[PDB]
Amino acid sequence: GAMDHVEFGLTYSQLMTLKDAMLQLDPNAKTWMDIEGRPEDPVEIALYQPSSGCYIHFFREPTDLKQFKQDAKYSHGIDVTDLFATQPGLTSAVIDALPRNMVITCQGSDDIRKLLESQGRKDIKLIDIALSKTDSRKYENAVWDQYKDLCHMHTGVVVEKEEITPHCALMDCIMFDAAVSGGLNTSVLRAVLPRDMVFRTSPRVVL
């Protein structure tokens, strides 16, 4: 609305906690970013630094629910009911807190660039690895094998017709890095954001 004037989706307390958590990100380490959903209506966001194993991973409820269902069928297969408990404002807050002039690597930078441009972050530099589907997803199976427990959102059947493994923003980052590095390391990853920041947590009585 024209009479609605809200600066942040998050409280100062939570913005301060986000600021501190994001000190785990190295401003100069290789950093992957991927999203599921349209750049103007993202539903899953991931950033990944292989050098430390740190990742940022969170979700967002879509506005265009009709487009979402169509995108789910052909790409991400995310159940929309699973996106209810998400934190609003988190996409903007994370992006706003990214280091100035950060270099982010991605596969098909067009959508990532639009999202970042829409958040006023034209200072961020983007490296596009511009691989084929085949080359970019060489380690798809090995990544899912090792890290499936890190995302449970992709339960829908995704079609290409032929059925395919759903696209996860987090698994994508990890497998794209594996492709470029020419191998997948066995290593335990670390979530940068606290769980209660990403999802609504826990009532002992209804009403």
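Residue numbers run from 1 along the displayed sequence. Rigid core here is just the name for the largest C-alpha set that superposes within 1.5 Å across the two forms.
Colleague: So, in 6 other deposited structures of this protein, taking the root mean square over structures and residues of the Cα distances after a rigid core fit: is 138 to 146 or 178 to 186 the more displaced stretch?
Modeller: Higher root mean square deviation of C-alphas in 6 other deposited structures of this protein is shown by 178 to 186.
Colleague: So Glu160 and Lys161 are neighbours in the shown sequence, but is anything from the deposited sequence left out between them? Give the count as none, 1 to 3, 4 to 9, or 10 or more.
Modeller: Unresolved stretch here: 4 to 9 residues.
Colleague: Comparing average C-alpha B factors as deposited, tell me which of 150 to 158 and 171 to 179 sits higher.
Modeller: Averaging CA B-factors over each stretch, the winner is 150 to 158.
Colleague: Tell me which of 102 to 110 and 132 to 140 has the higher mean C-alpha B-factor in the deposited entry.
Modeller: The entry gives the higher C-alpha B-factor average to 132 to 140.
Colleague: Which has the highest CA B-factor per the PDB entry: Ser75, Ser118, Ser92, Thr81?
Modeller: Of the options given, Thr81 has the highest CA B-factor in the PDB entry.
Colleague: Which third, lowest, middle or highest, does the C-alpha temperature factor of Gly53 belong to within its own chain?
Modeller: CA B-factor rank for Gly53: lowest third.
Colleague: For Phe59, does the deposited CA B-factor place it in the lowest, middle or highest third of the chain?
Modeller: Middle third by C-alpha B-factor.
Colleague: Where does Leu23 sit by CA temperature factor within its chain: lowest, middle or highest third?
Modeller: It falls in the middle third of the chain.
Colleague: Would you please rank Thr165 by its C-alpha temperature factor against the other modelled residues of its chain and give the third it falls in: lowest, middle or highest?
Modeller: According to the entry, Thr165 has a C-alpha B-factor in the chain's middle third.
Colleague: Grab the CA temperature factor for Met197 from the record and place it in the lowest, middle or highest third of its chain.
Modeller: Its C-alpha B-factor, which the entry lists for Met197, ranks in the middle third among residues of this chain.
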